[PDB]
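Given as structure tokens, the chain that follows is alone and in the form deposited in one PDB entry.
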């Protein structure tokens, strides 16, 4: 059995008793049901890991004894900024979880013409909150000791205007080329993946106007959430740490 990893930002040092955050301590003592003397690895989002053991469980609060600090970085050298068309429900959560597993540096939810979602300020905020916790959960899972940035949703126009990454790719069949036709390598990539219905010709004219080049992923139509993970897999395997 592997050791449990818990996100706990902030600075602290070995030998120090730490009171776990509300969510951290509620994860450990309540959800995981762990007891005094059990072991834990904490990470702070800054690429450090802290070995620890549970000493006192008082209600939902959890106190942990730090054993040692170690600098452990599992980031890819290829920084990909995913711009993912918003899908309803579980598929978007799937993308949030697995794109973090695949080293994604930064995620922008994208509102595009053929997205089928209701854009409510209250609703969007809840989604953003839920998405960030899924990301942190995936980072506890996969070993990343730095949380990827989850940026506020923007329309296609804004994102394509502000995009400054050195390689800029959109998943779209027309005039597309495979990963071998592009210079996939650090520093960074902007990657647009669209909604189930795809993109309008006007949207392609706008993205193509701002330097986004068309990338294919084989002759089979991939689902929207499949396409994110496949695209990240292929780009990391080409010019990252896969």
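Residue numbers count along the first chain shown, from 1. Rigid core: the largest C-alpha set superposing within 1.5 Å between the two forms.
Quick note: we don't show the form deposited in another entry, though the next part is all about it.
K.L.:
Report the residue, chosen from 108, 87, 97, 146, for which the CA moves 2 Å or more between this form and the one not shown after the rigid core is overlaid.
P.N.:
Spelled out, the residue whose C-alpha shifts by 2 Å or more is 87.
K.L.:
Taking the rigid core as the reference frame, tell me whether residue 221 has a CA displacement of 2 angstroms or more between this form and the one not shown.
P.N.:
No, shifts by less than 2 Å.
K.L.:
Could you check, with the core superposed, whether the Cα atom of residue 22 shifts 2 Å or more between this form and the one not shown?
P.N.:
False for residue 22: its C-alpha shift is below 2 Å.
K.L.:
Taking the cut-off of 3 Å or more as given, in which direction does the distance between the C-alpha atoms of residue 111 and residue 90 change in the other form, closer or farther?
P.N.:
Note: Cα gap between residue 111 and residue 90 shrinks in the other form.
K.L.:
Taking the shown form as reference, are the C-alpha positions of residue 90 and residue 156 brought closer or pushed farther apart in the other form, with a change of 3 Å or more?
P.N.:
Compared with the form shown here, the C-alpha atoms of residue 90 and residue 156 sit closer together in the other form, by 3 Å or more.
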